[PDB]
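The structure appears right after this line, and notes come after that.
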Amino acid sequence: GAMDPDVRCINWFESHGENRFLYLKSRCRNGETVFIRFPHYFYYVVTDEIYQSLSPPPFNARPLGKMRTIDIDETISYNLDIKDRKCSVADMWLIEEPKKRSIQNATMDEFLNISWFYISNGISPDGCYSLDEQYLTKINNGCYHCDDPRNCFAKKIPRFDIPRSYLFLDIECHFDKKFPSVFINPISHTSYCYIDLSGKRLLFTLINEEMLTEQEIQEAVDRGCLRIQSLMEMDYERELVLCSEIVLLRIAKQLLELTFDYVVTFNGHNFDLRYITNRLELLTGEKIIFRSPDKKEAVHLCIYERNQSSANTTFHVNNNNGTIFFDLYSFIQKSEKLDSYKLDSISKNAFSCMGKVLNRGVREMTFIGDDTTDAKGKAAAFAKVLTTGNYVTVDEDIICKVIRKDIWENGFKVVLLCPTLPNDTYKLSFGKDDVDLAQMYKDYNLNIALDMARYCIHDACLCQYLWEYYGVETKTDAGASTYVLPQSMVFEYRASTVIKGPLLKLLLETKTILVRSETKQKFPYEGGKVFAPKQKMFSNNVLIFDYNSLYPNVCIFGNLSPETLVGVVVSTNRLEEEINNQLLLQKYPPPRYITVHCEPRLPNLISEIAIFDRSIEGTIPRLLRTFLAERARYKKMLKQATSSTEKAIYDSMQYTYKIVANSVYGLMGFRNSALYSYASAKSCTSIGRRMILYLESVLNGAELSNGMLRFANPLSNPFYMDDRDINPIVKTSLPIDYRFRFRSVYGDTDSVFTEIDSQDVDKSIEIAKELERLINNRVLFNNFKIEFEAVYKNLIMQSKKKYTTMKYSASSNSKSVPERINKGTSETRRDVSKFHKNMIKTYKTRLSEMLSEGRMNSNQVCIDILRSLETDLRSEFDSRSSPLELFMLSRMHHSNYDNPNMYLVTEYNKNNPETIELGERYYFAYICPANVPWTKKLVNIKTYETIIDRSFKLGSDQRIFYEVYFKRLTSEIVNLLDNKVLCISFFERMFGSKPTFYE
């Protein structure tokens, strides 16, 4: 009977016909669903003079107030004769039009119609409301129309929780050597995970019969599978169903046409759904059809693309029914920087626990995880993935099938098919998987079909596990709130599109319009500025300080905005440069104006100086000021809340305000952006770079003696003359006995690393906290702050991307467990041999001790540790006392896409009593004839790969091919070294080749 008028908006979407509409999908507190339809207008902003002139009048119009319109075109000047920036005031109108309309000098055209809908009717995209039924007329069951949303939506109310329905899916298509093509390859599986409004999970997988034997099909039935002959016969409470391809496909079409809230895949948009759809057209005639909630519009499922250069392409579904088709692969690429975007890597990082041993021996380890084993609920998360996980990875490398599992709400007990090395504790991960589909299809039979079923369901369920892990539901809503956009458009549109809502709201609040009256000349700002450590290896501890949101703070500090730019003064010679600099300082003094040297924009210019007026807060800085404030609010809300559902919501909001603030720098330099401003962007970079150098100049060589911190240079404000005490000698609250010395060791865009001559992590943290305080009170000024993050012990670092250290955090003390930090690496467990590991471990421990002596050039360390390598190496090549064991390496056998490895294992199987089986882990070594001498050439070191089985004995007329191991080893050693020229001379002489340095 009666509609619940209490609704929570969950998506918004549009139909596109000649007769088009905007639709809302909302969820009521009971659980019912209400679609509401609204007429589509196109919005235009005009000046009052244009308004009065209009051919026929607009359908509707609301006044906007007086608004300043400002010319933000950027001009350079070769002297100080800088014309004032053009500026007019006028009453403005927001006009509505049911047809598209060309209005000769309409303004604010960059902003989106949908944004105007929300702003103009006072509707928040994710709001809860008590609808005013007076303004709704029903039209289907469940679908109402609303001519007056401003009044209908007038009673906003607080957020109530709602249930939501999900379908997560994955498919498996047959193939042998080429990538599966819809014209030739059938779908072999379709797996589905349905989460109901109740929270109940339903799992079901359809298996393609036509790829099995009539006997096999009957075995499946006997074994407990259901077999069905048509769509009508499907029973969704059956986890395993066999049917024909056409049935399977008709079943997908039925599911995909349903109005789930979310349909969720990993690369489903470009692969899985494309394949289902095309394969369905092929085998029957049929389309997958979506309909608007009032049945007025019907579209056939058609995947479309969106492009965005700096770059990758994303794929999207064109459903007009309110369902959010969400591809985690696109999303994870937009929201994270990672080395791999393969599902196995993404799973490895996201889902891991610490596993305490319960049994050893046979070919079966066993572990337990719980609150007592890692951290509160880390095992609960792991247990939830295990419900369908088939392969756990142990200790980073040992992939091993599950055998049994016990699961409860907080822990798991799992038994696995691995080797043995039983330390009391080990790390468990759901990552890589030693499965060769191409082989599986080649030998396909019932048991393999069931194995794939188990794999396919797990990939579908990984989509729900990842969806919980990345918090996509709340990120979507936070996105919608903040960007003033439909939930479904939040992770579809790009960074330049999403900034526009909040920007528009600000332009309205500040009664300001920004107009570029010219074609933008071409230049971005980037000059690829990359940062290299003063040295790689650290004997002493290293202090880590982060600037707090440097670039947003730079823009605020300088009042950097396209309209606060007074002008840009350039010079081609030193006389003009000097004259201009002295006129600058008279005409645009501080502190009202800041003047910023930038990298000049033309090759003939020796100087370029952007001048900003800080008297009236500019658009961009105020935007950022809002974003930072809102983030702070939410971080506090996140700690004042206690319900974990609320924590998730406030964490997402907080995150969204981080992301959007961080988008602003790039957007200032991107020419298709509403925030583009060459000078502002360049100036932001320049001011930031200067803050880094200032902080570094001050700490580099700074010392702490008595209770005084002697900074290495005065505390002078680098941009202009200042109120503050520049005295670099500064009272500290540290112990008088402390005597320490500091070195600026690395620094980048937003971070600064300070070596301290001490290994005492307890004291290193005590001092750093005090450095933090003095840096913020005396060194820095206005809104520039750092924060002490952590101490890094045994830092070895190569870049910001590739580094290794033990990290004792700010919270930390001397004796808590560090955090092993690895980054950018590729090795361990049989990429590299025990001879290499044992040598690297030795050559490090000796090098760290050479740095604690203090008695070094670059070259007195370097000569000494390279002499020592020639000695140890020539010794091993002559004395040859090291077991063959020490040079063995591993690998997994599998089929192709690898190629000369198949020839390697084949020939071993073809010539030897044993067979290395197709999912087996086999040892190898670099072996050559003993009559080969020291070799400075090289070749296909693949020829010398020799499978070492259990029988194998080294020929009397064979040797370990030491060179291969040595070259790889001196490589790792010369990248520990700072003297580069010495290292290359060694490597050419010893190996006839030129070494790689990780640049």
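Going through the structure tokens in order, the chains are called A, B, and so on, while each chain numbers its residues from 1 and the ligands are numbered from 1 in the order shown.
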- Message: Need to verify the contact set: range 553-561 of chain A, 7 Å, only C-alpha atoms, exclusion of same-chain residues closer than 3 positions in sequence. Can you return it as number ranges by chain?
- Response: A: 549-550, 564-565, 594, 612, 614, 617-621, 680, 684, 687-688, 783-784
- Message: So that I can see what lies close to residue 162 in chain A, please list as a PyMOL selection string the residues with an atom at most 9 Å from it, counting only C-alpha atoms and leaving out residues fewer than 5 positions away in the same chain.
- Response: chain A and resi 8+27-31+197
- Near residue 86 in chain A, within 9 Å and counting only C-alpha atoms, which residues show up once chain neighbours fewer than 4 positions away are dropped, as a list in words? residues 69, 70, 71 and 72 of chain A
- Do you know which residues are at most 7 Å from range 444-453 of chain A counting only C-alpha atoms, after dropping those on the same chain fewer than 5 positions away, and could you put them as a ChimeraX atom specification? /A:189,205,212,216
- Show which residues sit within 12 Å of residue 505 in chain A, as a PyMOL selection string. Count only C-alpha atoms, and ignore same-chain residues fewer than 3 positions away. chain A and resi 108+111+115-116+118-120+122+482-484+499-502+508-513+619+622-623+626
Write the residues of the selection above to a file with N, CA and C atoms, as a short mmCIF file (atom, residue, chain, number, x, y, z; two decimals), in the first residue's frame.
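Result file selection_36.cif:
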data_model
loop_
_atom_site.label_atom_id
_atom_site.label_comp_id
_atom_site.auth_asym_id
_atom_site.auth_seq_id
_atom_site.Cartn_x
_atom_site.Cartn_y
_atom_site.Cartn_z
N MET A 108 30.21 30.40 -17.47
CA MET A 108 30.20 29.18 -16.63
C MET A 108 29.84 27.91 -17.38
N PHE A 111 30.99 23.88 -16.35
CA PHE A 111 30.38 23.08 -15.29
C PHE A 111 29.25 22.23 -15.84
N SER A 115 25.49 18.76 -11.95
CA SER A 115 25.93 19.49 -10.78
C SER A 115 24.91 20.63 -10.50
N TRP A 116 24.46 21.28 -11.57
CA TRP A 116 23.49 22.37 -11.42
C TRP A 116 22.17 21.84 -10.84
N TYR A 118 21.77 19.39 -8.63
CA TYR A 118 21.89 19.24 -7.18
C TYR A 118 21.98 20.60 -6.47
N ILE A 119 22.74 21.53 -7.05
CA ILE A 119 23.03 22.77 -6.38
C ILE A 119 21.74 23.54 -6.36
N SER A 120 21.18 23.71 -7.55
CA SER A 120 19.92 24.44 -7.71
C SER A 120 18.72 23.96 -6.94
N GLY A 122 18.98 22.12 -4.12
CA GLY A 122 19.42 21.85 -2.74
C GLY A 122 19.39 20.40 -2.35
N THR A 482 31.01 14.90 -2.02
CA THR A 482 32.06 15.83 -2.20
C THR A 482 32.19 16.38 -3.61
N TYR A 483 32.02 15.51 -4.60
CA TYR A 483 32.18 15.91 -6.01
C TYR A 483 30.88 16.45 -6.64
N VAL A 484 29.76 16.29 -5.90
CA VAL A 484 28.42 16.70 -6.33
C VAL A 484 28.10 15.99 -7.63
N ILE A 499 36.53 17.64 -9.76
CA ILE A 499 36.83 18.89 -9.03
C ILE A 499 35.74 19.95 -9.30
N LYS A 500 35.03 19.86 -10.42
CA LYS A 500 34.10 20.96 -10.81
C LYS A 500 32.91 21.27 -9.92
N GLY A 501 32.36 20.29 -9.24
CA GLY A 501 31.26 20.57 -8.30
C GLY A 501 31.69 21.47 -7.18
N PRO A 502 32.71 21.02 -6.44
CA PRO A 502 33.14 21.80 -5.33
C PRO A 502 33.63 23.16 -5.77
N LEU A 508 30.14 30.26 -6.63
CA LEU A 508 28.85 30.82 -6.23
C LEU A 508 28.97 31.53 -4.87
N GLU A 509 29.56 30.86 -3.91
CA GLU A 509 29.75 31.46 -2.60
C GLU A 509 30.59 32.73 -2.69
N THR A 510 31.67 32.75 -3.48
CA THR A 510 32.47 33.98 -3.59
C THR A 510 31.99 34.94 -4.71
N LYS A 511 30.89 34.62 -5.36
CA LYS A 511 30.28 35.53 -6.31
C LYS A 511 31.26 35.92 -7.41
N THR A 512 31.93 34.90 -7.92
CA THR A 512 33.07 35.08 -8.78
C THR A 512 33.00 34.18 -10.01
N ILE A 513 33.29 34.72 -11.18
CA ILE A 513 33.37 33.96 -12.39
C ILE A 513 34.75 34.19 -13.04
N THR A 619 40.75 32.05 -5.45
CA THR A 619 39.87 30.90 -5.62
C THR A 619 40.55 29.60 -5.24
N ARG A 622 41.48 29.05 -1.41
CA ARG A 622 40.30 28.88 -0.60
C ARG A 622 39.64 27.50 -0.81
N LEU A 623 39.66 27.04 -2.05
CA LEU A 623 39.24 25.70 -2.33
C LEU A 623 40.03 24.75 -1.47
N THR A 626 39.25 24.96 2.23
CA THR A 626 38.05 24.18 2.51
C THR A 626 38.38 22.70 2.61
#
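Taking only C-alpha atoms, the non-local environment of residue 723 in chain A within 12 Å (same-chain residues fewer than 5 positions away omitted) comprises residues 590, 591, 715, 716, 717, 778, 781 and 782 of chain A.
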